[PDB]
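Asks: Protein chains in written order, with the entry's author numbering: chain AJ, 5 to 102; chain AI, 3 to 129; chain AG, 2 to 151; chain AN, 2 to 101; chain AC, 1 to 206.
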Amino acid sequence: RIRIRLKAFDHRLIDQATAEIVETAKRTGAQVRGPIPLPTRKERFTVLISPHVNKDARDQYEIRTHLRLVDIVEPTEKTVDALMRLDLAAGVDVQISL
Amino acid sequence: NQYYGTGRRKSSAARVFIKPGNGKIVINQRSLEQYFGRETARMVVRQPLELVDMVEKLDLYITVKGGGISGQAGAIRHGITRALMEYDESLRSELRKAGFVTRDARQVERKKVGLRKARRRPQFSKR
Amino acid sequence: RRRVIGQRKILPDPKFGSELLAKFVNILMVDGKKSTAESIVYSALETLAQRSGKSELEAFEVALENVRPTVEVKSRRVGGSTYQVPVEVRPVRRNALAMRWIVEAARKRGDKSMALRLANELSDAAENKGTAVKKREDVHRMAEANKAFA
Amino acid sequence: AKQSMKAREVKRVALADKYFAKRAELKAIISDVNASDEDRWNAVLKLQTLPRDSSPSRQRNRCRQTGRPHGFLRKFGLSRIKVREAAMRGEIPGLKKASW
Amino acid sequence: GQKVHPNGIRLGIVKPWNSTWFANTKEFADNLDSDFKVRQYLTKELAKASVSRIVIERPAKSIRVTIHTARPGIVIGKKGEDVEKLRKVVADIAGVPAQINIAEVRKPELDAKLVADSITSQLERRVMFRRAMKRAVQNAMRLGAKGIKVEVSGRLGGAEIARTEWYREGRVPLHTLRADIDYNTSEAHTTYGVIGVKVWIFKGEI
RNA sequence: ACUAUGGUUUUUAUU
RNA sequence: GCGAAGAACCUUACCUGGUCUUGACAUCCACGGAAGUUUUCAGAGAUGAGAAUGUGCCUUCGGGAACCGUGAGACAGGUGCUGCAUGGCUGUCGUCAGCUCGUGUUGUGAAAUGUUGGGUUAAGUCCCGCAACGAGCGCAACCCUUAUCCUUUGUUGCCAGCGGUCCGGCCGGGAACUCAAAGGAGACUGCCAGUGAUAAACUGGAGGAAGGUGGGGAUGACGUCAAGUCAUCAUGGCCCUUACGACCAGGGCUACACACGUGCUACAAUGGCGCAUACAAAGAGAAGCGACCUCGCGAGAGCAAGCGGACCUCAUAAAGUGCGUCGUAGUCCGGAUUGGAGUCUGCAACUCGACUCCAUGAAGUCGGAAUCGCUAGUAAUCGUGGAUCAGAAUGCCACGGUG
């Protein structure tokens, strides 16, 4: 009866990790929906370009935080069991909740 | 028969609908004189409308959302121009005369290193 | 440089249909608070309505008709020397010159409301009756009389 | 910057999770609200704040590589003295040159 | 003036970041510290082991590390148990159970770490650096690549100057972002000078 | 139009 | 307002007195102990000594490894010195159009020619001409970013005709607009006439959402002071080592008869105040963001709705609009200063912190010789958010309104 989450920073890894979860969730459930989105976020920051003084010279860094609710059609006991051992590479973050 | 047009400006977006034959002037389910254009910009949405006018020849309906009410007006002005420039083939000549057909994308200038409040080099009021 | 304006366009006053009354609030306003200047324009015309012999619809234009010059004196460098030369006052400035002097006068004054400080200068701006007030125009009277070298 | 600065957090940060971020929310066991102008708790609460160095205060992350305290930025994961050399090596995930 | 970094511009595009793991701002600097504690450990125990890079992962409630070497058989041994004396330590530095993994490096004659080692092995013989670096790149271009550069920096013997000596062939390249460019600095630590050897290799655009 | 003056010494050649 | 984005004990170096030294910290080897936990007595504490608890990992049962200490032989430590031992890192013209090779020629050679000369251009870009022809580095383009249309993507977002109704885009309906995302197409001198050693390319007009690198970004050729820095780092050397080392504690790094360096708020009525009234963008948040009510003079304390952070909180955005009210008075104002009360966080705010209340009460009405800065959403001007953080900014980084 559970619900799922996927969170990342890479614009392609978010889909490659989706394509791991919705397949692990389909291997024990025949009815399909495909992935649902939201929420996406962005963030930018500045730093001094050199380690000693040089405080007028700076460089621009940014990130884009990607998240999917994904949705699972049958969250059945046999299907959540496959998600207790979810691997799925490093570089993303997930949840299982009720 | 109805004519349609869209416009966007400064986080706001407008949709405008026009019918031939004299009728109403609606914006966000209220009249065009009921709450809108009462501040410092006021008549911006009526700049192209003066070429046809209200309670004269058409029925007007507007929907608008996002941002501040002067950004909304500068979005509606383009959206109503997009509708009016297909309402009649000689009215369009006058919309391209007044320059209301030109799409504004001026927004704001972007920062660079080493600058202050969005713009300008570290500042000294004297010497 | 060369590839520059000129004059950018401004939209005429929505109530009067005038571009002079649009430039006037743009130079009158301060800190971009044009909403207060829209309460000073025409509010400063209270004591001019009946007094205008061109009627109220020219009661401000009359103060701009008082002065419409063709040349102004400037002091310009030719080398190790600096001389006085006449420069042309074009149609685009010819109608906006006195408008710029009246707002300076009102800003430099300090009695009553701003809609009354502005009315003090506007009351005499086509009469010129005050003492040492026509010194204002010596920059164009010295230009219609320039001799220079040729 | 000194080699002594690298382990200075070890006890401090541990008591931050243990007590220094909930002891005020759970304070109703070392308090009374029934007796007027009467103390039976101050000397046992002052005994709890008797130990030093480990405090709710005094707490600084530092650059664990150098001991340098200043120029720390949590959004970068690393203090700015080493950021360009680590981020151009590709060591900090996912920092890169892309500019504005 | 200021110079764009030839490597930093391409990170995540065909050339991956050296670590992969998610962290929020409340622990990003604490995960990264364990990630550097293991780098300075492993690369100082493996100091003479032909290692060109190490790649870090955080699998579910664990850590994982891959070691890239041109000589893997003495790094994983015979087999998989010679690494426990490092695994038991990186698992304590990371505070989570650890896995150690092996990777084999391609074309040591065409890798920025190992071509530099092929110049260090001439500087160990105290030869003139200029011919030595040229030969190592001439051996490389005759095997592969679509452009290579080598530069030597500082106290070279050499001259009383801040200028380097270098040798380039083929394309840099500039703006290709699929260029997968391989780069390294290795300091030679000679009798009278630390002497930096810098190498850049470009092989294809995919 | 006028508006002067600034000691001596202080770098690159590779095997 | 730089490195020292928050200099109570902390951070941190200086001064003073303690506590101690193969060292707070590294590493090889041996040796006593698990790592740990709690408390008593002496000291403010670093430190000096007991009383109690635990005995993990590990095994040829011979004993051992992490790890915590003690110590020898080697060696460490230093905001000490060394930017005239060396790397790594670094100003700026300027994003200017130049820097530099091979072959031929020319010269006694260094070298020059070339790349100069004529025009066009943002341009060593092109055109003209040609004792020089070609080339690498820079230029261009790439990358990147913005407008128009089509196609693609849609929940905790969206809604045009229309049933049912947690009365709600909630279900049926849609995939379109917005909002957030991607990929294309379209602008090419294309088109006309004019100019141009008639050529590069320019000068206008039509048509278009847009016209002339469409617009905007990313990018630092050769050379510039062999710049600033061993105070982030290493790293060669020197000096201290029974210390110039580091662990506590107390003063200091916000002494001052005086100078420099810059902002913000006002000196007002194109302004303030009190009461109404219209409209946000971008961020923050469960040992949390905190809606309310109560005590009280009040900070706040005490409890607590909604919400797991796209149908909640932070949150009446403020200025503006409008009404009431007021002057040339250092003011209705201001409330800077000085005690007394408190409120919060915290060994601790006395000293250097913030918020509050009854009271008191000064300065500011252009301001030194003389001078500063850019071309439009730009200058000008008002609110909103975040970082640092046990506990405060007006500084730091961002957001939108008026213009």
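For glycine and all other residues, C-beta sits at the position ideal for the given N, C-alpha and C.
#1: Do the region 55–68 of chain AC and the region 14–22 of chain AC make contact, defined as three or more Cβ pairs closer than 8 Å?
#2: Under the DSSP definition of a beta bridge, which residues are partnered with residue 16(AI)?
#3: Quick one: grab the DSSP three-state call for residue 193(AC).
#4: Would you mind sorting residue 48(AG) into buried or exposed? The rule is 16 or more other CB atoms within 10 Å of its CB.
#5: What residue does the alpha helix (DSSP H) around residue 82(AI) start on, and which one ends it?
#6: Go ahead and pull the three-state DSSP assignment for residue 125(AG).
#7: What residues from the region 110–127 of chain AI come within 8 Å of chain AJ, judged by C-beta to C-beta, listed N to C?
#8: Indicate whether at least one CB of chain AC lies closer than 8 Å to the CB of residue 10(AN).
#9: Assign residue 87(AI) to one of two classes, buried (16 or more other C-beta atoms within 10 Å of its C-beta) or exposed (fewer than that).
#10: Could you spell out where the beta strand (DSSP E) holding residue 99(AC) opens and where it closes?
#11: Can you tell me whether residue 78(AN) is buried or exposed, with buried defined as 16 or more other CB within 10 angstroms of its CB?
#12: Counting only C-beta atoms, is residue 44(AI) closer than 8 Å to chain AG at any point?
#13: Going by CA-CA distance only, name the one from 133(AG), 29(AG), 113(AG) that's closest to residue 103(AG).
#14: Could you tell me the distance, in whole angstroms, from the CA atom of residue 93(AI) to the CA atom of residue 8(AI)?
#15: Are the region 107–119 of chain AC and the region 86–97 of chain AC touching by the rule of at least three beta carbon pairs closer than 8 Å?
#16: Quick one: grab the DSSP three-state call for residue 23(AN).
#17: Residue 1(AG): which of 108(AG), 71(AG), 81(AG) sits nearest, CA to CA?
#18: Just tell me which of 5(AC), 136(AC), 6(AC), 35(AC) has its CA closest to the CA of residue 220(AC).
#19: Per the contact definition of three or more C-beta pairs closer than 8 Å, is the region 139–153 of chain AC in contact with the region 168–175 of chain AC?
#20: Could you please give me the residues that DSSP links to residue 60(AJ) through a beta bridge?
#21: Nearest to residue 63(AG) by alpha carbon, out of 39(AG), 126(AG), 40(AG)?
#22: Are there 16 or more other CB atoms within 10 angstroms of the CB of residue 198(AC), so buried, or fewer, so exposed?
#23: Residue 47(AI) and residue 20(AI): beta carbons closer than 8 Å?
#24: Mind listing the chain AC neighbours of residue 94(AN)? Cutoff is C-beta to C-beta under 7 Å, in chain order.
#25: Is residue 12(AC) close to chain AN, meaning its C-beta is less than 8 Å from at least one C-beta of that chain?
#26: My guess is that residue 80(AN) and residue 69(AN) are in contact by the Cβ rule of under 8 Å, so how many angstroms apart are they, rounded?
#27: Going by DSSP, what residue range makes up the alpha helix (DSSP H) through residue 36(AG)?
#28: Per DSSP, which residues does residue 115(AJ) bridge with? Please list them.
#29: Is the region 97–113 of chain AI touching the region 23–37 of chain AI, taking contact as three or more C-beta pairs under 8 Å?
#30: For chain AC, check one thing: does any of its Cβ atoms lie closer than 8 Å to the Cβ of residue 63(AN)?
#31: Measure the C-alpha to C-alpha separation of residue 32(AJ) and residue 68(AC) and round it to an integer number of angstroms.
#32: What does the Cβ neighbour count give for residue 94(AN), buried or exposed, with the cut at 16 atoms within 10 Å?
#33: Taking three-plus beta-carbon pairs below 8 Å as touching, is the region 99–118 of chain AI in contact with the region 50–66 of chain AG?
#34: I need the DSSP call for residue 31(AC), collapsed to helix, strand or coil.
#35: Cβ closer than 7 Å: which chain AN residues qualify as neighbours of residue 18(AJ)?
#36: Helix, strand or coil: how does DSSP classify residue 131(AC) here?
Replies: Reading from the atomic positions:
#1: yes
#2: On the second sequence, position 14 is the one that residue 16(AI) refers to. 9(AI), 66(AI), per the DSSP bridge assignment.
#3: Counted from its first residue, the fifth sequence places residue 193(AC) at position 193. Note: residue 193(AC) maps to strand in three-state DSSP.
#4: Your numbering for residue 48(AG) matches position 47 in the third sequence. Residue 48(AG) should be labelled exposed.
#5: Mapped onto the second sequence, residue 82(AI) falls at position 80. 71–86 is the span of the alpha helix (DSSP H), which, as asked, contains residue 82(AI).
#6: Against the third sequence, residue 125(AG) aligns to sequence position 124. Three-state DSSP puts residue 125(AG) in a helix.
#7: 115, 116, 124
#8: Walking along the fourth sequence from the start, residue 10(AN) turns up at place 9. Taking Cβ atoms only, chain AC never reaches closer than 8 Å to residue 10(AN), which makes this a no.
#9: As a first step, residue 87(AI) is located in the second sequence; it is residue number 85 there, counting from the start. So residue 87(AI) counts as buried.
#10: Stepping through the fifth sequence from its first residue, residue 99(AC) is reached at position 99. From DSSP, the beta strand (DSSP E) with residue 99(AC) extends over 98–104.
#11: Your numbering for residue 78(AN) matches position 77 in the fourth sequence. Buried is the call here.
#12: Along the second sequence, read from residue 1 onward, the residue named residue 44(AI) stands at position 42. Interface residue, yes.
#13: The count along the third sequence starts at 1 and reaches residue 103(AG) at position 102. Nearest C-alpha to residue 103(AG): 29(AG).
#14: In the second sequence, the residue the question calls residue 93(AI) occupies position 91. In the second sequence, the residue the question calls residue 8(AI) occupies position 6. Approximately 18 Å between the Cα atoms of the pair.
#15: no
#16: What you label residue 23(AN) is simply residue 22 of the fourth sequence in a count that begins at 1. Note: residue 23(AN) maps to coil in three-state DSSP.
#17: There is no way to answer for residue 1(AG), as the model of chain AG reaches only from 2 to 151.
#18: Absent from the structure is residue 220(AC), since the part of chain AC shown begins at 1 and ends at 206.
#19: yes
#20: One-based indexing of the first sequence puts residue 60(AJ) at position 56. The partner list for residue 60(AJ) (beta bridge, DSSP) is empty, contrary to what the question assumes.
#21: For this step, residue 63(AG) is matched to residue 62 along the third sequence. Among 39(AG), 126(AG), 40(AG), the Cα nearest to that of residue 63(AG) belongs to 126(AG).
#22: Sequence index remark: in the fifth sequence, residue 198(AC) carries index 198 (1-based). That one is buried.
#23: Within the second sequence, residue 47(AI) is the residue found at index 45, counting from 1. Within the second sequence, residue 20(AI) is the residue found at index 18, counting from 1. Against a cut-off of 8 Å, the Cβ pair of residue 20(AI) and residue 47(AI) comes out as no contact.
#24: As a position in the fourth sequence, residue 94(AN) is number 93, starting the count at 1. Per Cβ cutoff of 7 Å: 17, 19, 20, 21.
#25: By one-based count along the fifth sequence, residue 12(AC) stands at place 12. Yes, contact with chain AN.
#26: Here residue 80(AN) is taken as the residue at index 79 of the fourth sequence, counted from 1. Here residue 69(AN) is taken as the residue at index 68 of the fourth sequence, counted from 1. Yes, residue 80(AN) and residue 69(AN) are in contact; Cβ-Cβ is about 6 Å, under 8 Å.
#27: Residue 36(AG) sits at position 35 when you count from the first residue of the third sequence. Its alpha helix (DSSP H) spans residues 35–38.
#28: Chain AJ is shown from 5 up to 102; residue 115(AJ) falls before or after that span and cannot be answered.
#29: no
#30: Within the fourth sequence, residue 63(AN) is the residue found at index 62, counting from 1. No, residue 63(AN) does not count as interfacial toward chain AC.
#31: Numbered from its first residue, the first sequence carries residue 32(AJ) at position 28. Numbered from its first residue, the fifth sequence carries residue 68(AC) at position 68. Whole-angstrom Cα-Cα distance: 38 Å.
#32: By 1-based counting over the fourth sequence, the position of residue 94(AN) is 93. By the 10 Å Cβ count, residue 94(AN) comes out buried.
#33: no
#34: For the purposes of this step, residue 31(AC) is taken as residue 31 along the fifth sequence, with counting starting at 1. Residue state, collapsed to three classes: helix.
#35: For the purposes of this step, residue 18(AJ) is identified with residue 14 of the first sequence, where counting begins at 1. What residue 18(AJ) touches in chain AN: nothing, since even the nearest Cβ is about 13 Å away.
#36: For the purposes of this step, residue 131(AC) is identified with residue 131 of the fifth sequence, where counting begins at 1. Residue 131(AC) falls in the helix class under three-state DSSP.
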